[PDB]
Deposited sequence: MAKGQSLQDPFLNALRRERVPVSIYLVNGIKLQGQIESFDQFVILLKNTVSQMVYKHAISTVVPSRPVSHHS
């Protein structure tokens, strides 16, 4: 109810984001797409499993 509109706003607005993983790695890029279980983060797109994500941090505020 909140997750989907937040991720969709980031995707639609092409906002650069930081995705912090539970193991301490920081990914950065734009959300190309997402589904129930994964986020596709744009050299290639990488498929990130949500279960591995701790936080998604927009580079700037977004309407949601």
query = Deposited sequence versus model: which ranges have no CA atoms?
reply = 1-5, 48, 71-72
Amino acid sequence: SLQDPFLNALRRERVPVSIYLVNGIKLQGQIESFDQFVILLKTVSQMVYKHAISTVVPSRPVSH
From here on, numbers count along this sequence of modelled residues.
task = Output the stretch having the higher mean C-alpha B factor in the entry; the candidates are 48-56 and 15-23.
result = 15-23
